[PDB]
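For reference, the structure is listed below as structure tokens.
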Amino acid sequence: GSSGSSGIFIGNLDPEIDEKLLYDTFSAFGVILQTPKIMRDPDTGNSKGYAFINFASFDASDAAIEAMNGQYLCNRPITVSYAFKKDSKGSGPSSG
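Quick note on numbering: the sequence shown equals residues -13 to 82 in our numbering.
See below:
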């Protein structure tokens, strides 16, 4: 089902790609929680340009955002970026 909410946002996806492909294309890095989803236009309903995929844990999402972030896809450079992130606490010891 799902353990956490460590989802990832993908953009600039070729209109020739399908949920089946992506699943695997990404599966390589880490394990997917459930079938991926692609945002389509409310008009044609073929392919908008961006999709949404969630991994098992952050460890998996990290790999992608590291490599997948830019990976030249089917004549279309994809971009992986954490769907949502909450600013953590930690300024750091500084003197200035």
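Beta carbons: idealized from backbone N, C-alpha and C, even for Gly.
State the start and end residues of the unbroken beta strand (DSSP E) segment that holds residue i.
i	result
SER67	65 to 68
What are the residues that DSSP puts in a beta bridge with residue i?
i	result
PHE38	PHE(-5), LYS23
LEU8	According to DSSP, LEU8 bridges with nothing at all.
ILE3	For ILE3, which the question treats as bridged, DSSP gives no partner whatsoever.
Between the options, which has its C-alpha nearest residue i's C-alpha?
i	options	result
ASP0	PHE44, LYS23, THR11, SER33	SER33
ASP27	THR21, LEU19, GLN20, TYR36	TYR36
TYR68	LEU59, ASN55, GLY76, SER74	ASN55
Going by DSSP, what residue range makes up the alpha helix (DSSP H) through residue i?
i	result
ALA50	44 to 52
Output needed for residue i: all residues of its chain with C-beta closer than 7 angstroms, excluding positions within five of it in sequence on either side, in chain order.
i	result
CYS60	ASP0, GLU2, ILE3
Take residue i and list the residues in its own chain whose beta-carbon comes closer than 8 angstroms to its own, dropping the five residues that flank it on each side.
i	result
residue 90	No information on residue 90 is available, as it lies outside the stretch -13 to 82 that the chain covers here.
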